[PDB]
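Listing of target31.tsv; format and content: TSV, C-alpha atoms.
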```
chain	number	residue	atom	x	y	z
R	1	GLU	CA	-80.32	-135.08	-29.69
R	2	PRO	CA	-79.83	-138.88	-29.45
R	3	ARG	CA	-76.44	-140.22	-28.39
R	4	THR	CA	-74.77	-142.93	-30.40
R	5	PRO	CA	-73.57	-146.13	-28.73
R	6	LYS	CA	-69.88	-146.86	-28.26
R	7	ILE	CA	-68.91	-150.49	-28.87
R	8	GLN	CA	-66.11	-152.72	-27.60
R	9	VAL	CA	-65.74	-156.36	-28.70
R	10	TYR	CA	-63.39	-158.48	-26.60
R	11	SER	CA	-62.73	-161.69	-24.72
R	12	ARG	CA	-62.63	-162.12	-20.95
R	13	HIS	CA	-59.21	-163.80	-20.93
R	14	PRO	CA	-56.29	-163.61	-23.37
R	15	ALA	CA	-57.26	-165.76	-26.33
R	16	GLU	CA	-55.51	-168.96	-27.37
R	17	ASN	CA	-57.17	-171.11	-30.02
R	18	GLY	CA	-58.84	-174.18	-28.55
R	19	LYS	CA	-58.70	-173.07	-24.92
R	20	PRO	CA	-62.28	-171.84	-24.33
R	21	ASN	CA	-63.25	-168.33	-23.29
R	22	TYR	CA	-66.15	-165.84	-23.19
R	23	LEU	CA	-66.97	-163.32	-25.93
R	24	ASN	CA	-68.22	-159.88	-24.85
R	25	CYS	CA	-69.68	-156.88	-26.64
R	26	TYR	CA	-70.06	-153.84	-24.39
R	27	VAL	CA	-72.46	-151.15	-25.67
R	28	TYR	CA	-72.62	-147.91	-23.72
R	29	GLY	CA	-73.21	-144.17	-23.86
R	30	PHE	CA	-76.40	-144.38	-25.92
R	31	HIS	CA	-79.88	-142.84	-25.62
R	32	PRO	CA	-82.88	-143.57	-25.91
R	33	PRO	CA	-82.66	-147.11	-24.44
R	34	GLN	CA	-84.18	-149.34	-27.18
R	35	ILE	CA	-81.54	-151.23	-29.16
R	36	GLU	CA	-80.87	-154.61	-30.68
R	37	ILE	CA	-77.46	-156.12	-29.95
R	38	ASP	CA	-76.19	-159.37	-31.43
R	39	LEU	CA	-73.03	-161.43	-31.44
R	40	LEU	CA	-72.36	-163.10	-34.79
R	41	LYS	CA	-70.30	-166.16	-35.72
R	42	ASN	CA	-69.40	-165.83	-39.42
R	43	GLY	CA	-72.48	-163.67	-39.92
R	44	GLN	CA	-74.83	-166.14	-38.22
R	45	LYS	CA	-76.52	-165.10	-34.99
R	46	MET	CA	-75.59	-166.75	-31.69
R	47	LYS	CA	-77.62	-167.70	-28.62
R	48	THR	CA	-76.57	-165.06	-26.13
R	49	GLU	CA	-77.20	-163.45	-22.74
R	50	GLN	CA	-78.08	-159.76	-22.37
R	51	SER	CA	-77.53	-157.88	-19.12
R	52	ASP	CA	-80.14	-155.74	-17.38
R	53	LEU	CA	-80.56	-152.14	-18.51
R	54	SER	CA	-78.78	-149.58	-16.32
R	55	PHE	CA	-77.37	-146.10	-16.90
R	56	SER	CA	-74.43	-143.88	-15.96
R	57	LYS	CA	-74.30	-140.50	-14.20
R	58	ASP	CA	-74.80	-138.63	-17.50
R	59	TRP	CA	-77.99	-140.78	-17.82
R	60	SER	CA	-76.68	-142.68	-20.87
R	61	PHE	CA	-77.21	-146.44	-20.89
R	62	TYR	CA	-74.86	-149.42	-21.04
R	63	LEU	CA	-75.43	-153.10	-21.76
R	64	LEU	CA	-73.40	-156.30	-21.96
R	65	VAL	CA	-74.14	-159.16	-24.37
R	66	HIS	CA	-72.02	-162.26	-23.84
R	67	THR	CA	-71.64	-165.98	-24.54
R	68	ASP	CA	-69.14	-168.78	-24.11
R	69	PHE	CA	-67.12	-169.55	-27.23
R	70	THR	CA	-64.03	-171.32	-28.55
R	71	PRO	CA	-61.67	-169.36	-30.82
R	72	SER	CA	-60.31	-170.85	-34.02
R	73	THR	CA	-58.11	-169.44	-36.77
R	74	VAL	CA	-60.92	-170.01	-39.30
R	75	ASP	CA	-63.88	-168.47	-37.43
R	76	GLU	CA	-64.76	-164.77	-37.34
R	77	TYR	CA	-66.77	-162.94	-34.67
R	78	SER	CA	-68.60	-159.61	-34.78
R	79	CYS	CA	-71.15	-157.60	-32.83
R	80	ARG	CA	-74.17	-156.15	-34.65
R	81	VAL	CA	-75.80	-153.14	-32.96
R	82	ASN	CA	-78.77	-151.09	-34.17
R	83	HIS	CA	-79.98	-147.90	-32.48
R	84	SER	CA	-82.27	-145.06	-33.49
R	85	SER	CA	-79.22	-142.77	-33.52
R	86	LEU	CA	-77.71	-144.99	-36.24
R	87	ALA	CA	-78.76	-144.64	-39.87
R	88	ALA	CA	-78.34	-148.44	-40.16
R	89	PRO	CA	-76.93	-151.42	-38.21
R	90	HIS	CA	-73.23	-151.30	-37.32
R	91	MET	CA	-70.95	-154.34	-37.16
R	92	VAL	CA	-67.68	-154.36	-35.19
R	93	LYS	CA	-65.55	-157.42	-35.90
R	94	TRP	CA	-63.65	-159.01	-33.02
R	95	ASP	CA	-59.89	-158.57	-33.27
R	96	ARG	CA	-58.13	-160.37	-30.42
R	97	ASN	CA	-56.55	-156.96	-29.66
R	98	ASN	CA	-59.17	-154.42	-28.49
G	1	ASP	CA	-85.79	-152.95	-0.74
G	2	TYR	CA	-87.06	-150.81	-3.57
G	3	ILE	CA	-88.51	-147.68	-1.98
G	4	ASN	CA	-92.18	-148.27	-1.21
G	5	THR	CA	-93.45	-144.79	-2.18
G	6	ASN	CA	-93.20	-143.34	-5.69
G	7	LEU	CA	-94.93	-140.04	-6.48
G	8	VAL	CA	-95.98	-139.47	-10.09
G	9	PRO	CA	-94.19	-136.46	-11.69
S	1	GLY	CA	-64.00	-145.18	1.80
S	2	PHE	CA	-67.78	-145.30	1.59
S	3	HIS	CA	-70.26	-147.82	0.20
S	4	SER	CA	-73.40	-147.19	-1.82
S	5	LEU	CA	-76.78	-148.79	-2.36
S	6	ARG	CA	-78.17	-147.39	-5.62
S	7	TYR	CA	-81.39	-148.06	-7.54
S	8	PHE	CA	-81.78	-147.32	-11.26
S	9	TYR	CA	-85.27	-147.04	-12.78
S	10	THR	CA	-85.97	-146.76	-16.50
S	11	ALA	CA	-89.40	-146.33	-18.09
S	12	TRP	CA	-89.63	-145.78	-21.83
S	13	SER	CA	-92.21	-145.94	-24.59
S	14	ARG	CA	-90.84	-147.08	-27.94
S	15	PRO	CA	-92.24	-146.41	-31.43
S	16	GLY	CA	-93.37	-149.87	-32.53
S	17	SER	CA	-94.97	-151.04	-29.29
S	18	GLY	CA	-97.83	-149.60	-27.29
S	19	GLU	CA	-97.43	-149.76	-23.50
S	20	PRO	CA	-94.06	-148.59	-22.10
S	21	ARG	CA	-91.47	-150.88	-20.54
S	22	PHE	CA	-90.09	-150.58	-17.01
S	23	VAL	CA	-86.65	-151.75	-15.86
S	24	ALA	CA	-85.58	-151.51	-12.20
S	25	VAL	CA	-82.15	-152.70	-11.07
S	26	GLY	CA	-80.25	-152.14	-7.84
S	27	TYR	CA	-76.54	-151.93	-7.13
S	28	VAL	CA	-74.28	-152.24	-4.13
S	29	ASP	CA	-71.02	-150.53	-5.20
S	30	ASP	CA	-70.37	-151.95	-8.72
S	31	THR	CA	-72.34	-155.18	-8.12
S	32	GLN	CA	-75.87	-155.65	-9.43
S	33	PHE	CA	-77.98	-157.80	-7.12
S	34	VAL	CA	-81.64	-157.41	-8.19
S	35	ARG	CA	-83.71	-156.73	-11.30
S	36	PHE	CA	-87.31	-156.12	-12.34
S	37	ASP	CA	-88.64	-155.86	-15.90
S	38	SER	CA	-92.33	-155.60	-16.80
S	39	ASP	CA	-91.95	-157.34	-20.18
S	40	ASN	CA	-92.55	-160.74	-18.51
S	41	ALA	CA	-95.56	-162.98	-17.89
S	42	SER	CA	-96.08	-162.28	-14.21
S	43	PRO	CA	-93.18	-159.82	-13.75
S	44	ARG	CA	-91.26	-160.53	-10.56
S	45	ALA	CA	-88.24	-159.23	-8.69
S	46	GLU	CA	-85.46	-161.78	-9.10
S	47	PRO	CA	-81.95	-162.26	-7.68
S	48	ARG	CA	-78.87	-161.27	-9.68
S	49	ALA	CA	-76.18	-161.94	-7.06
S	50	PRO	CA	-75.23	-165.16	-5.22
S	51	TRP	CA	-75.83	-163.91	-1.66
S	52	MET	CA	-79.40	-162.99	-2.67
S	53	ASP	CA	-80.09	-166.65	-3.43
S	54	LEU	CA	-80.09	-166.95	0.39
S	55	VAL	CA	-82.23	-163.90	1.20
S	56	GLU	CA	-85.49	-165.86	1.47
S	57	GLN	CA	-84.10	-167.56	4.59
S	58	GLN	CA	-83.87	-164.38	6.68
S	59	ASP	CA	-86.70	-162.59	4.82
S	60	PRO	CA	-89.22	-164.93	3.18
S	61	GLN	CA	-91.36	-162.04	1.88
S	62	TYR	CA	-88.47	-160.07	0.34
S	63	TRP	CA	-89.33	-161.23	-3.18
S	64	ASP	CA	-93.07	-160.72	-2.72
S	65	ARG	CA	-92.68	-157.31	-1.08
S	66	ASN	CA	-90.13	-156.09	-3.63
S	67	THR	CA	-92.23	-157.41	-6.51
S	68	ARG	CA	-95.08	-155.34	-5.05
S	69	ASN	CA	-92.98	-152.18	-4.80
S	70	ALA	CA	-91.58	-152.46	-8.34
S	71	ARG	CA	-94.89	-153.32	-9.99
S	72	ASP	CA	-96.42	-150.24	-8.36
S	73	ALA	CA	-93.37	-148.18	-9.37
S	74	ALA	CA	-93.82	-149.39	-12.96
S	75	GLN	CA	-97.40	-148.10	-12.89
S	76	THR	CA	-96.75	-144.63	-11.47
S	77	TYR	CA	-93.97	-143.87	-13.96
S	78	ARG	CA	-95.96	-145.04	-16.97
S	79	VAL	CA	-98.47	-142.36	-16.01
S	80	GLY	CA	-95.49	-140.06	-15.42
S	81	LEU	CA	-94.49	-140.55	-19.05
S	82	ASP	CA	-97.92	-139.23	-20.05
S	83	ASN	CA	-97.82	-136.36	-17.54
S	84	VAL	CA	-94.42	-134.98	-18.57
S	85	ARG	CA	-95.12	-135.63	-22.26
S	86	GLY	CA	-98.15	-133.37	-21.79
S	87	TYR	CA	-96.20	-130.70	-19.91
S	88	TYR	CA	-94.00	-130.42	-23.01
S	89	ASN	CA	-97.07	-130.73	-25.31
S	90	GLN	CA	-95.39	-133.60	-27.07
S	91	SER	CA	-97.37	-135.96	-29.24
S	92	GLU	CA	-98.21	-139.61	-28.68
S	93	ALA	CA	-96.06	-140.45	-31.72
S	94	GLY	CA	-92.61	-139.99	-30.20
S	95	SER	CA	-90.61	-142.23	-27.89
S	96	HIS	CA	-89.68	-140.79	-24.50
S	97	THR	CA	-87.81	-141.84	-21.37
S	98	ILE	CA	-88.11	-141.25	-17.63
S	99	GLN	CA	-85.18	-142.33	-15.47
S	100	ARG	CA	-84.87	-142.42	-11.69
S	101	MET	CA	-81.74	-142.83	-9.56
S	102	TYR	CA	-81.94	-142.94	-5.77
S	103	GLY	CA	-79.71	-144.29	-3.04
S	104	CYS	CA	-77.34	-143.50	-0.21
S	105	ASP	CA	-73.61	-143.24	0.52
S	106	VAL	CA	-72.69	-144.69	3.93
S	107	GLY	CA	-69.43	-144.16	5.80
S	108	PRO	CA	-67.34	-146.63	7.80
S	109	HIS	CA	-69.81	-147.54	10.61
S	110	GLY	CA	-73.34	-146.99	9.35
S	111	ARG	CA	-72.74	-143.27	8.76
S	112	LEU	CA	-74.93	-141.73	6.06
S	113	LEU	CA	-72.72	-139.45	3.98
S	114	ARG	CA	-75.23	-138.41	1.28
S	115	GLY	CA	-78.71	-139.29	0.08
S	116	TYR	CA	-80.11	-138.57	-3.35
S	117	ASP	CA	-83.12	-139.01	-5.63
S	118	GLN	CA	-82.83	-137.75	-9.20
S	119	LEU	CA	-85.06	-137.86	-12.28
S	120	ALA	CA	-84.32	-137.37	-15.97
S	121	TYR	CA	-86.73	-136.94	-18.88
S	122	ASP	CA	-85.34	-138.00	-22.27
S	123	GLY	CA	-81.86	-138.09	-20.78
S	124	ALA	CA	-81.79	-134.58	-19.30
S	125	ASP	CA	-82.04	-133.73	-15.61
S	126	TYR	CA	-85.62	-132.92	-14.64
S	127	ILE	CA	-85.98	-132.82	-10.84
S	128	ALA	CA	-83.71	-133.82	-7.97
S	129	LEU	CA	-83.82	-134.01	-4.18
S	130	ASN	CA	-81.51	-131.46	-2.58
S	131	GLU	CA	-78.71	-132.57	-0.28
S	132	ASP	CA	-80.70	-131.29	2.71
S	133	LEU	CA	-83.36	-133.84	1.60
S	134	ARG	CA	-86.14	-131.36	2.47
S	135	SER	CA	-86.32	-129.54	-0.88
S	136	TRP	CA	-85.98	-130.01	-4.63
S	137	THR	CA	-84.41	-128.20	-7.56
S	138	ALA	CA	-86.39	-128.22	-10.80
S	139	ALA	CA	-84.66	-127.95	-14.17
S	140	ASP	CA	-87.25	-126.07	-16.25
S	141	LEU	CA	-90.84	-124.81	-16.09
S	142	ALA	CA	-92.34	-128.25	-16.69
S	143	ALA	CA	-90.40	-129.56	-13.69
S	144	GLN	CA	-91.80	-126.72	-11.56
S	145	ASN	CA	-95.20	-128.35	-12.08
S	146	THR	CA	-93.79	-131.46	-10.41
S	147	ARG	CA	-91.96	-129.64	-7.61
S	148	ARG	CA	-95.09	-127.68	-6.65
S	149	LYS	CA	-97.07	-130.92	-6.69
S	150	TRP	CA	-94.46	-132.73	-4.58
S	151	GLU	CA	-94.12	-129.81	-2.15
S	152	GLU	CA	-97.89	-129.96	-1.53
S	153	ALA	CA	-97.79	-133.71	-1.01
S	154	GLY	CA	-94.71	-133.35	1.21
S	155	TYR	CA	-93.05	-136.21	-0.65
S	156	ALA	CA	-89.56	-135.27	0.60
S	157	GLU	CA	-90.48	-136.41	4.12
S	158	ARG	CA	-91.37	-139.83	2.72
S	159	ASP	CA	-88.18	-139.83	0.63
S	160	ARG	CA	-85.86	-138.84	3.47
S	161	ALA	CA	-87.50	-141.49	5.68
S	162	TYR	CA	-86.42	-144.29	3.34
S	163	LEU	CA	-83.01	-142.78	2.59
S	164	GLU	CA	-82.07	-142.10	6.22
S	165	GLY	CA	-83.24	-145.42	7.65
S	166	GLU	CA	-84.22	-148.11	5.16
S	167	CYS	CA	-81.45	-147.37	2.65
S	168	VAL	CA	-78.70	-147.44	5.30
S	169	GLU	CA	-80.04	-150.57	6.99
S	170	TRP	CA	-80.23	-152.48	3.70
S	171	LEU	CA	-76.72	-151.50	2.61
S	172	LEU	CA	-75.38	-152.87	5.89
S	173	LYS	CA	-77.50	-156.01	5.45
S	174	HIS	CA	-76.14	-156.56	1.95
S	175	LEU	CA	-72.53	-155.83	2.92
S	176	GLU	CA	-72.62	-158.42	5.71
S	177	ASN	CA	-74.48	-161.11	3.77
S	178	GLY	CA	-72.50	-160.50	0.58
S	179	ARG	CA	-69.13	-160.08	2.28
S	180	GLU	CA	-67.27	-162.40	-0.09
S	181	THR	CA	-68.39	-160.32	-3.08
S	182	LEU	CA	-68.92	-156.77	-1.77
S	183	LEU	CA	-66.11	-156.15	0.72
S	184	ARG	CA	-63.47	-157.26	-1.75
S	185	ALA	CA	-60.63	-155.44	-3.50
S	186	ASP	CA	-59.29	-157.39	-6.48
S	187	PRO	CA	-56.07	-155.79	-7.77
S	188	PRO	CA	-55.58	-155.95	-11.54
S	189	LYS	CA	-53.26	-158.18	-13.51
S	190	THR	CA	-51.14	-155.59	-15.31
S	191	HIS	CA	-48.92	-156.11	-18.36
S	192	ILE	CA	-47.78	-154.04	-21.34
S	193	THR	CA	-48.07	-154.97	-25.02
S	194	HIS	CA	-46.03	-153.64	-27.95
S	195	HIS	CA	-47.53	-153.03	-31.41
S	196	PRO	CA	-45.49	-151.18	-34.06
S	197	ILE	CA	-47.10	-148.88	-36.61
S	198	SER	CA	-44.16	-148.04	-38.88
S	199	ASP	CA	-40.36	-147.89	-38.87
S	200	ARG	CA	-40.35	-144.89	-36.51
S	201	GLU	CA	-43.57	-145.23	-34.46
S	202	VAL	CA	-44.81	-147.74	-31.88
S	203	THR	CA	-47.97	-148.19	-29.81
S	204	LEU	CA	-47.47	-149.28	-26.18
S	205	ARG	CA	-50.61	-150.52	-24.42
S	206	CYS	CA	-50.96	-150.88	-20.63
S	207	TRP	CA	-53.56	-153.51	-19.72
S	208	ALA	CA	-55.41	-153.99	-16.43
S	209	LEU	CA	-57.66	-157.04	-16.09
S	210	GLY	CA	-59.92	-158.54	-13.44
S	211	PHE	CA	-60.13	-155.68	-10.94
S	212	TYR	CA	-62.94	-154.70	-8.56
S	213	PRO	CA	-64.16	-152.11	-7.83
S	214	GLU	CA	-64.39	-150.27	-11.16
S	215	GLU	CA	-62.43	-147.19	-10.05
S	216	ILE	CA	-58.89	-147.18	-11.46
S	217	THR	CA	-56.31	-144.75	-12.86
S	218	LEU	CA	-53.93	-145.70	-15.67
S	219	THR	CA	-51.23	-143.15	-16.47
S	220	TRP	CA	-48.33	-143.01	-18.93
S	221	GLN	CA	-45.24	-141.00	-17.99
S	222	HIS	CA	-42.19	-139.91	-20.01
S	223	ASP	CA	-39.11	-139.35	-17.83
S	224	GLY	CA	-41.58	-138.52	-15.07
S	225	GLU	CA	-43.51	-136.15	-17.35
S	226	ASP	CA	-47.27	-136.69	-17.35
S	227	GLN	CA	-48.73	-137.78	-20.70
S	228	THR	CA	-52.47	-138.00	-20.01
S	229	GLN	CA	-53.46	-135.55	-22.75
S	230	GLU	CA	-51.57	-137.51	-25.42
S	231	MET	CA	-53.06	-140.77	-24.11
S	232	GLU	CA	-55.69	-142.99	-25.72
S	233	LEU	CA	-57.86	-144.14	-22.81
S	234	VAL	CA	-60.44	-146.87	-23.34
S	235	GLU	CA	-63.57	-146.73	-21.21
S	236	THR	CA	-63.57	-149.32	-18.44
S	237	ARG	CA	-65.59	-152.43	-19.35
S	238	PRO	CA	-66.93	-155.44	-17.43
S	239	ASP	CA	-65.51	-158.90	-18.03
S	240	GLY	CA	-68.66	-160.93	-17.31
S	241	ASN	CA	-67.55	-162.54	-14.04
S	242	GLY	CA	-68.15	-159.41	-11.95
S	243	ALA	CA	-64.82	-157.64	-12.61
S	244	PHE	CA	-63.52	-154.99	-15.00
S	245	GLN	CA	-60.86	-154.41	-17.66
S	246	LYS	CA	-59.14	-151.29	-18.98
S	247	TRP	CA	-56.11	-150.25	-20.99
S	248	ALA	CA	-54.24	-147.05	-21.82
S	249	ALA	CA	-52.10	-146.73	-24.95
S	250	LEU	CA	-49.61	-144.16	-26.17
S	251	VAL	CA	-47.53	-143.71	-29.34
S	252	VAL	CA	-43.75	-143.41	-28.96
S	253	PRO	CA	-40.61	-143.16	-31.09
S	254	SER	CA	-39.31	-146.67	-31.72
S	255	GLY	CA	-36.10	-147.66	-29.98
S	256	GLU	CA	-37.03	-145.41	-27.04
S	257	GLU	CA	-39.72	-147.53	-25.34
S	258	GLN	CA	-37.90	-147.62	-22.00
S	259	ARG	CA	-38.20	-143.88	-21.29
S	260	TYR	CA	-41.97	-144.32	-20.82
S	261	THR	CA	-43.60	-145.79	-17.71
S	262	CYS	CA	-47.20	-146.78	-16.98
S	263	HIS	CA	-48.69	-145.97	-13.57
S	264	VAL	CA	-51.53	-148.02	-12.06
S	265	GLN	CA	-53.70	-146.94	-9.11
S	266	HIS	CA	-56.30	-149.26	-7.61
S	267	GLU	CA	-57.91	-149.69	-4.20
S	268	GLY	CA	-56.80	-153.34	-4.15
S	269	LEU	CA	-53.12	-152.59	-4.56
S	270	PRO	CA	-50.79	-152.08	-1.59
S	271	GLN	CA	-49.31	-148.96	-3.31
S	272	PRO	CA	-49.35	-147.65	-6.94
S	273	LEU	CA	-47.22	-149.51	-9.49
S	274	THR	CA	-44.95	-148.02	-12.15
S	275	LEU	CA	-44.50	-150.35	-15.12
S	276	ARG	CA	-42.01	-150.73	-17.97
S	277	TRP	CA	-41.68	-152.80	-21.14
S	278	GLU	CA	-38.95	-155.45	-21.46
S	279	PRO	CA	-38.01	-157.81	-24.35
```
Can you turn what I pasted into structure tokens?
Amino acid sequence: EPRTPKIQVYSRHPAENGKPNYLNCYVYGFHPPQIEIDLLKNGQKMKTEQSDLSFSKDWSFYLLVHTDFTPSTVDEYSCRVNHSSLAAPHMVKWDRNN
Amino acid sequence: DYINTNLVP
Amino acid sequence: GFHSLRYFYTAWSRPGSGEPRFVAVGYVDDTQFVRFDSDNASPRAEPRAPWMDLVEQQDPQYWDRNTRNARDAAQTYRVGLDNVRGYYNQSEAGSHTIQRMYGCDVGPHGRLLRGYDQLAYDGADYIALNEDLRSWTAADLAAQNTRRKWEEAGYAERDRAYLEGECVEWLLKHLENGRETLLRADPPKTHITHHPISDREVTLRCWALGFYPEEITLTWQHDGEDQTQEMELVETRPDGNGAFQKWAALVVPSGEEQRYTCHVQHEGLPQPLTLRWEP
């Protein structure tokens, strides 16, 4: 009966190392509306901003969790989502090609 | 404005 | 070419926390401008768009009046959780959700196209205001309880009053005061990427970045033949600065990239574009 969230991990602008940008993790299509979403830098949590809860025509919810960041060739970024429709937390690493 | 009248279902 | 003022309510009880939460946000088109969430100290309606930083000038009580309306709304729909939960003889243990969506579609010069007020319980349609705005349709038996209650209380007359007057007038207010943001058509920056899979296969991806509003149509064609069903279409996403991104990909025999063309439709473009990949 629950619906599982779809996840997209991406940057606002095309990424070049050094030149700063914003990291996004868009979580949508899920139900019921309680979740935890996190952006992770090499597994460590980041201080982040979460959008306000809204929903689509099919009533499923969407949220955006975002933060400034600076890409390197040595750092790794992922988004950790947990929902009641998931048996356990899911991580989606950030590949600069989503 | 948010609507000023909500009726409980 | 209409515009919309839409309000999205969410009330939900969750397993590990007594007392349900209430979220109330409002949109003009694809632009959020206000929020309310009861998980705060003294929960207040707050601005979420630049032009609403100015709204206290022309309406000093806007924040107080809208904080009043949302805090009352939070209360009635926390009781509504209990009511509907009882209609379905569900237990206090579970976690349930009531959602509300109401607003109006206005035509070119203050012309109400449609008004609506819809309610879902645990993500399924429960009750909705008919297009005539003088009647409801109920989903199941438990919703008939509500419709009979609301018919008695004549709540459609109060609903149509807001939707016909107040909704329209506030959309026009917001469109004029938020002109720089709301009456804007940002065409996308489009470009195609090339990612090979093997010796014989290739993935061609058609990007579209920084466009507003959200509505867009990406389309891959092969010698003019439509290839939507063989397409991999990402769901459109926000970028964080108030715009949206989207791409469509399709797999093609290598060395034949140039027989395929991407087709972009957006309100902000003078006329649709047909794209092609070039070394």
(message) Could you check the closest approach to chain G for each of S:216, S:24, S:175, S:141 and tell me which residue wins, using only C-alpha atoms?
(response)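 Using only C-alpha atoms, chain G sits closest to S:24.
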(request) Write out as a ChimeraX atom specification each polymer residue whose atoms come within 7 Å of residue 35 (chain S), counting only C-alpha atoms; drop sequence neighbours fewer than 5 positions from it. (result) /S:24-26,45-48
Output C-alpha atoms of each residue in that selection to a file, as a PDB file, in the frame of the given file.
```
ATOM      1  CA  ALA S  24     -85.580-151.510 -12.200  1.00  0.00           C
ATOM      2  CA  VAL S  25     -82.150-152.700 -11.070  1.00  0.00           C
ATOM      3  CA  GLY S  26     -80.250-152.140  -7.840  1.00  0.00           C
ATOM      4  CA  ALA S  45     -88.240-159.230  -8.690  1.00  0.00           C
ATOM      5  CA  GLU S  46     -85.460-161.780  -9.100  1.00  0.00           C
ATOM      6  CA  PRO S  47     -81.950-162.260  -7.680  1.00  0.00           C
ATOM      7  CA  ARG S  48     -78.870-161.270  -9.680  1.00  0.00           C
TER       8      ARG S  48
END
```
(request) List the neighbours of residue 23 (chain R) out to 6 Å using only C-alpha atoms; skip same-chain residues closer than 3 positions along the sequence, and give me the result as number ranges by chain. (result) R: 11, 66-67
(message) Residues of chain S within 9 Å of chain R, counting all atoms listed in the file - could you list those as a VMD selection string?
(response) chain S and resid 8 to 10 12 14 23 to 26 35 to 37 95 to 97 99 120 122 to 125 209 to 210 237 to 241 245
Could you please select, counting only C-alpha atoms, the residues of chain S within 10 Å of chain G and state them as a tab-separated table (two decimals) with C-alpha atoms, in the coordinates of the input?
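Output (out_7.tsv):
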```tsv
chain	number	residue	atom	x	y	z
S	6	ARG	CA	-78.17	-147.39	-5.62
S	7	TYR	CA	-81.39	-148.06	-7.54
S	8	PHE	CA	-81.78	-147.32	-11.26
S	24	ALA	CA	-85.58	-151.51	-12.20
S	25	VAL	CA	-82.15	-152.70	-11.07
S	26	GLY	CA	-80.25	-152.14	-7.84
S	34	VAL	CA	-81.64	-157.41	-8.19
S	45	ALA	CA	-88.24	-159.23	-8.69
S	62	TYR	CA	-88.47	-160.07	0.34
S	63	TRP	CA	-89.33	-161.23	-3.18
S	65	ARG	CA	-92.68	-157.31	-1.08
S	66	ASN	CA	-90.13	-156.09	-3.63
S	67	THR	CA	-92.23	-157.41	-6.51
S	68	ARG	CA	-95.08	-155.34	-5.05
S	69	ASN	CA	-92.98	-152.18	-4.80
S	70	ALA	CA	-91.58	-152.46	-8.34
S	72	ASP	CA	-96.42	-150.24	-8.36
S	73	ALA	CA	-93.37	-148.18	-9.37
S	74	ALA	CA	-93.82	-149.39	-12.96
S	75	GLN	CA	-97.40	-148.10	-12.89
S	76	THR	CA	-96.75	-144.63	-11.47
S	77	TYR	CA	-93.97	-143.87	-13.96
S	78	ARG	CA	-95.96	-145.04	-16.97
S	79	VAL	CA	-98.47	-142.36	-16.01
S	80	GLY	CA	-95.49	-140.06	-15.42
S	81	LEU	CA	-94.49	-140.55	-19.05
S	82	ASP	CA	-97.92	-139.23	-20.05
S	83	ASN	CA	-97.82	-136.36	-17.54
S	84	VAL	CA	-94.42	-134.98	-18.57
S	98	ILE	CA	-88.11	-141.25	-17.63
S	102	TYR	CA	-81.94	-142.94	-5.77
S	103	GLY	CA	-79.71	-144.29	-3.04
S	119	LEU	CA	-85.06	-137.86	-12.28
S	126	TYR	CA	-85.62	-132.92	-14.64
S	127	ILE	CA	-85.98	-132.82	-10.84
S	142	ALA	CA	-92.34	-128.25	-16.69
S	143	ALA	CA	-90.40	-129.56	-13.69
S	145	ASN	CA	-95.20	-128.35	-12.08
S	146	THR	CA	-93.79	-131.46	-10.41
S	147	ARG	CA	-91.96	-129.64	-7.61
S	149	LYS	CA	-97.07	-130.92	-6.69
S	150	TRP	CA	-94.46	-132.73	-4.58
S	153	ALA	CA	-97.79	-133.71	-1.01
S	155	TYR	CA	-93.05	-136.21	-0.65
S	158	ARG	CA	-91.37	-139.83	2.72
S	159	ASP	CA	-88.18	-139.83	0.63
S	161	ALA	CA	-87.50	-141.49	5.68
S	162	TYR	CA	-86.42	-144.29	3.34
S	163	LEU	CA	-83.01	-142.78	2.59
S	166	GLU	CA	-84.22	-148.11	5.16
S	167	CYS	CA	-81.45	-147.37	2.65
S	169	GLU	CA	-80.04	-150.57	6.99
S	170	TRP	CA	-80.23	-152.48	3.70
S	171	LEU	CA	-76.72	-151.50	2.61
```
(request) Please indicate the distance in Å from CA of residue 243 (chain S) to CA of residue 29 (chain S), rounded to one decimal place. (result) 12.0 Å
